[PDB]
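The listed protein sequences correspond, in order, to chains A, B, C, D and E. Just so we're aligned: the first sequence equals residues 4 to 202 in the numbering used here. Just so we're aligned: the second sequence equals residues 130 to 277 in the numbering used here. Just so we're aligned: the third sequence equals residues 5 to 82 in the numbering used here. Just so we're aligned: the fourth sequence equals residues 91 to 195 in the numbering used here. Just so we're aligned: the fifth sequence equals residues 341 to 389 in the numbering used here. Read the structure below first, then the notes.
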Amino acid sequence: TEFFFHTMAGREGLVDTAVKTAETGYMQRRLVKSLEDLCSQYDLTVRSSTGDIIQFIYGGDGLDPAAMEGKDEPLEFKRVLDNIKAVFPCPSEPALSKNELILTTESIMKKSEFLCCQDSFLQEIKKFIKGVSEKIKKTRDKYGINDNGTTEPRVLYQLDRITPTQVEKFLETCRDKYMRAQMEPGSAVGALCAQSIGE
Amino acid sequence: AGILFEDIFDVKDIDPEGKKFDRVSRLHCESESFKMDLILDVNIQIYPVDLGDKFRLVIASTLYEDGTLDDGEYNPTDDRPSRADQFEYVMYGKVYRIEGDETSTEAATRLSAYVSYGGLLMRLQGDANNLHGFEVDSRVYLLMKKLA
Amino acid sequence: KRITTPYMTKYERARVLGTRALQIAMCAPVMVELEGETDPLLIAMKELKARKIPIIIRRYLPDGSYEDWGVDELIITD
Amino acid sequence: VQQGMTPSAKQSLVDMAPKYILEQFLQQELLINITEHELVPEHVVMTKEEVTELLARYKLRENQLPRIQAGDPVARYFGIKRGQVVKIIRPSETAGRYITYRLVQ
Amino acid sequence: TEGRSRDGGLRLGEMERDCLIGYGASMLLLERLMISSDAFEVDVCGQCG
Ligand SMILES: [Zn+2]
């Protein structure tokens, strides 16, 4: 009796797989047909064959879904900062403090090339740098660290090490990763959408 | 001398969570003179360790006690005298994380350093003064010997 | 001045390699010394690595105006 | 109107005079102002110069923009006539904002 | 032709046709579907079209 009931449940899986065949294909065929025409122009707009404007800038950001490291975001800041620290341990440069970090970050961001980048991304970076800067403040405070660098048990300066070379590398890496993560003009933006939803 | 840190410990507990592997144990230790606490893993097939042992360990920058720092290569078949001659169990590893004992809101003067011996973890914790010289990414040797 | 993106889009790379391979298939002069490879696509890839291909892209904006970039001044990437 | 209005006056409500026009709202609709609803992004009307500058920026012909129906509840709210343009500021998933323009037909 | 008793050659069914559009290639699908399937030439009179 158990074997019979077990079979009754099992056959439903086989029946479902048989039924799936046709309907899904029909949906996909209709959908890709409807969307196939669109494309991403060199102006960053997306236009139908007639030349009308569908979106003024693909996706609001212009980014490309197939080039995202974070959860629907182009970057995951703390992971990048961590990577740059390990790749470039700079035992020579002195440890930076809140004021020094904020001053040096502002000076680097002043360069015109970063001004060419998107505003939103710049704001988020500023926020992240503020965040780490306040965190190091707590750490340097609790342990009685001195900003002049003269504290005796020098191991205490390893707690939140960060140095100007590392800051500059991080900012360059951030800018490049953002910049190269855009929807290359001429992509077939429609077909990618129909295929992704259909699957 | 290239010694970074040296002290006598005593073992306190072996497997707080019970047996996990067939060749490794998670020692919990405490230090006699200073009040460091240690977590260490040893290959108990070759260096078996009992629940009551006492031992001295030294963490050193180099095995050439004369002070030579030619760390270009290491040859297992070497025979010239070296600091390894005075110990019974030697490992090689890297210090890969240093952090503060955040549990203390005030009088925060205790640190924790992690040394990873190619899979076999260790953590050494206590007052800041005794931990001078431990640096991230530095490579160090661990030497150990049992005492009666 | 020029407004478009300064990198080379994958589509531009594809069509440049294709048309240069076709040009070298017929007996065109080769602009870089070859060590003995006899496959047009690999010669064209080497030429592009040396950035010597004699091809000028013409990017048509939607309205009808255009912009010209030499294949040596686009930032080629991976 | 409370509940409705007669069909002959429905017909008359389009041809009283070229110089005169009338606009009818339902009591039921007016009970709530859609502008405050959570699912309605802010709409803004702009002067002809603004549309001139916009069409100059993207190099567009006016009939290329996305459309908005005349009978749209918001279009009725603003009482805008055919051929005007409307700016929209969609609240992003984040602090950002996306601007898009729609034409009234 | 179609069969295996007769000679064959497989089908580029419409799903593949979308796949090839998807990547953004253009000569590849032209080649696969016109040069190597039923390439043919005709003539027309421009005056009468
Ligand atoms: Zn004719």
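Ideal Cβ positions, reconstructed from N, Cα and C, are used throughout, including at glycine.
Contacts of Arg63 (chain C) in chain A (Cβ-Cβ under 7 angstroms)
Within the third sequence, the letter at position 59 stands for residue 63 (chain C). Per Cβ cutoff of 7 angstroms: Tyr45.
Look up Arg346 (chain E) in the DSSP assignment and say whether it is helix, strand or coil.
Within the fifth sequence, residue 346 (chain E) is the residue found at index 6, counting from 1. DSSP places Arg346 (chain E) in coil when its eight states are reduced to three.
Which residues in chain C have a C-beta closer than 7 angstroms to the C-beta of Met367 (chain E)? List them in chain order.
Walking along the fifth sequence from the start, residue 367 (chain E) turns up at place 27. Near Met367 (chain E) (Cβ distances below 7 angstroms), the residues of chain C are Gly22.
C-beta neighbour in chain C for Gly63 (chain A), strict 7 angstroms
Working through the first sequence from its first residue, we reach residue 63 (chain A) at position 60. Not closer than 7 angstroms to any Cβ of chain C, the Cβ of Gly63 (chain A) fails to qualify, so no.
Return yes when the C-beta of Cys120 (chain A) is under 6 angstroms from any heavy atom of ligand 1, and no when it is not.
Indexing the first sequence from 1 puts residue 120 (chain A) at position 117. Checking the Cβ of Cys120 (chain A) against ligand 1 gives no.
What three-state label does DSSP hand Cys120 (chain A) in the structure shown?
The residue labelled residue 120 (chain A) in the question sits at position 117 within the first sequence. Three-state result, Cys120 (chain A): coil.
Where do the N-terminal and C-terminal ends of the beta strand (DSSP E) with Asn172 (chain B) fall, by residue?
Walking along the second sequence from the start, residue 172 (chain B) turns up at place 43. Taken as a continuous stretch (DSSP letters only), the beta strand (DSSP E) holding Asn172 (chain B) covers 166–172.
Would you identify the three-state DSSP class for residue 226 (chain A), choosing helix, strand or coil?
There is no way to answer for residue 226 (chain A), as the model of chain A reaches only from 4 to 202.
Quick one, what's near ligand 1 if you take every residue whose CB is closer than 6 angstroms to any heavy atom, in chain order?
E:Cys385, E:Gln387, E:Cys388
Can you say whether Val175 (chain D) is buried or exposed, counting buried as having 16 or more other CB atoms within 10 angstroms of its CB?
Here residue 175 (chain D) corresponds to residue number 85 of the fourth sequence, with the count starting at 1. That one is buried.
Buried or exposed: where does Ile189 (chain D) fall if 16 or more other Cβ atoms within 10 Å of its Cβ makes it buried?
One-based indexing of the fourth sequence puts residue 189 (chain D) at position 99. By the neighbour-count rule (16 or more Cβ atoms within 10 Å), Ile189 (chain D) is not buried but exposed.
Quick check: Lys183 (chain B) and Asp139 (chain B), are their CB atoms within less than 7 angstroms of each other?
Along the second sequence, one-based indexing puts residue 183 (chain B) at 54. Along the second sequence, one-based indexing puts residue 139 (chain B) at 10. Closer than 7 angstroms, so yes.
Quick one, which of D:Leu116, D:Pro163, D:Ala146, D:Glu113 has its alpha-carbon nearest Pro131 (chain D)'s?
As a working mapping, residue 131 (chain D) is identified with position 41 in the fourth sequence. When only C-alpha atoms are compared, the closest one is D:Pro163.
When the Cα atoms are used, what is the spatial distance from residue 204 (chain A) to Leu38 (chain A)?
Lying outside 4 to 202, the shown extent of chain A, residue 204 (chain A) is not represented and no answer is given.
Pair within 7 angstroms by beta-carbon distance, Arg24 (chain C) and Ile57 (chain C)
Taking the third sequence and counting its residues from 1, one reaches residue 24 (chain C) at position 20. Taking the third sequence and counting its residues from 1, one reaches residue 57 (chain C) at position 53. Yes, the Cβ-Cβ distance between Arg24 (chain C) and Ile57 (chain C) is below 7 angstroms.
Closest Cα partner of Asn259 (chain B) within the set B:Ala242, B:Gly181, B:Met220, B:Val219:
For the purposes of this step, residue 259 (chain B) is taken as the residue at position 130 of the second sequence. Minimum Cα distance to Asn259 (chain B) is reached at B:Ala242.
Burial state of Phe173 (chain A) (16 or more Cβ within 10 Å)
Numbered from its first residue, the first sequence carries residue 173 (chain A) at position 170. Under this definition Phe173 (chain A) is a buried residue.
Would you list, in sequence order, the uninterrupted alpha helix (DSSP H) runs of no fewer than 4 residues that lie entirely inside the stretch 7–50 of chain C?
14–29
Quick one: grab the DSSP three-state call for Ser95 (chain A).
In the first sequence, counting from the first residue as 1, residue 95 (chain A) sits at position 92. Note: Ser95 (chain A) maps to coil in three-state DSSP.
Residue interval of the alpha helix (DSSP H) (run including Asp19 (chain A))
Stepping through the first sequence from its first residue, residue 19 (chain A) is reached at position 16. Its alpha helix (DSSP H) spans residues 5–38.
Which listed residue (B:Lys164, B:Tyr221, B:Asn204, B:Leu272) has its alpha carbon closest to that of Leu240 (chain B)
Residue numbering aside, residue 240 (chain B) sits at position 111 when the second sequence is read from its first letter. Of the listed residues, the one whose Cα sits closest to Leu240 (chain B) is B:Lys164.
Minimum Cβ-Cβ distance from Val192 (chain A) to chain B less than 7 angstroms
Numbered from 1 along the first sequence, position 189 holds the residue referred to as residue 192 (chain A). No, its Cβ sits nowhere closer than 7 angstroms to a Cβ of chain B.
Determine the closest residue to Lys100 (chain D) out of D:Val141, D:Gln114, D:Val135, with distance taken between C-alpha atoms.
Against the fourth sequence, residue 100 (chain D) aligns to sequence position 10. For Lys100 (chain D), the nearest C-alpha among the options comes from D:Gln114.
Can you tell me whether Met186 (chain A) is buried or exposed, with buried defined as 16 or more other CB within 10 angstroms of its CB?
Residue numbering aside, residue 186 (chain A) sits at position 183 when the first sequence is read from its first letter. That one is buried.
Range covered by the alpha helix (DSSP H) that runs through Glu371 (chain E):
The count along the fifth sequence starts at 1 and reaches residue 371 (chain E) at position 31. No alpha helix (DSSP H) contains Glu371 (chain E), which DSSP labels as neither H nor E.
Since residue 286 (chain B) sits in a beta bridge, which residues does DSSP pair it with?
Residue 286 (chain B) lies beyond the stretch modelled for chain B, which goes from 130 to 277, so this question has no answer here.
Cα separation between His9 (chain A) and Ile60 (chain A)?
Position 6 of the first sequence, counting from 1, holds the residue named residue 9 (chain A). Position 57 of the first sequence, counting from 1, holds the residue named residue 60 (chain A). Going from the Cα of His9 (chain A) to the Cα of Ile60 (chain A) covers about 55 angstroms.
Should the stretch 118–137 of chain D be regarded as contacting the stretch 37–54 of chain C, the criterion being three or more beta carbon pairs within less than 8 angstroms?
no
Taking 7 angstroms as the threshold (beta carbon to beta carbon), is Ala237 (chain B) in contact with chain A?
Here residue 237 (chain B) is taken as the residue at index 108 of the second sequence, counted from 1. Taking Cβ atoms only, chain A reaches closer than 7 angstroms to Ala237 (chain B), which makes this a yes.
First and last residue of the beta strand (DSSP E) that includes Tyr246 (chain B)?
One-based indexing of the second sequence puts residue 246 (chain B) at position 117. Residues 239–246.
Taking the beta carbon of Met367 (chain E) as the centre, do at least 16 other beta carbons fall within 10 Å, making it buried, or is it exposed?
For the purposes of this step, residue 367 (chain E) is taken as residue 27 along the fifth sequence, with counting starting at 1. Exposed is the call here.
Just checking: is the beta-carbon of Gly173 (chain D) within a distance shorter than 7 angstroms of some beta-carbon in chain A?
Numbered from its first residue, the fourth sequence carries residue 173 (chain D) at position 83. Not closer than 7 angstroms to any Cβ of chain A, the Cβ of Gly173 (chain D) fails to qualify, so no.
How big is the Cα-Cα spacing for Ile111 (chain A) and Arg178 (chain A)?
By 1-based counting over the first sequence, the position of residue 111 (chain A) is 108. By 1-based counting over the first sequence, the position of residue 178 (chain A) is 175. Computed Cα separation, rounded: 12 angstroms.
Within the continuous beta strand (DSSP E) that includes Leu352 (chain E), where are the two ends?
Along the fifth sequence, read from residue 1 onward, the residue named residue 352 (chain E) stands at position 12. Run containing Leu352 (chain E): none; DSSP gives neither H nor E here.
So within the stretch 138–188 of chain A, which uninterrupted beta strand (DSSP E) runs reach at least 3 residues, ignoring any that extend past its ends?
none
Integer Cβ distance of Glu71 (chain C) from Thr8 (chain C), believed to fall under 8 angstroms:
Taking the first residue of the third sequence as position 1, residue 71 (chain C) is located at position 67. Taking the first residue of the third sequence as position 1, residue 8 (chain C) is located at position 4. Confirmed, Cβ separation roughly 6 angstroms.
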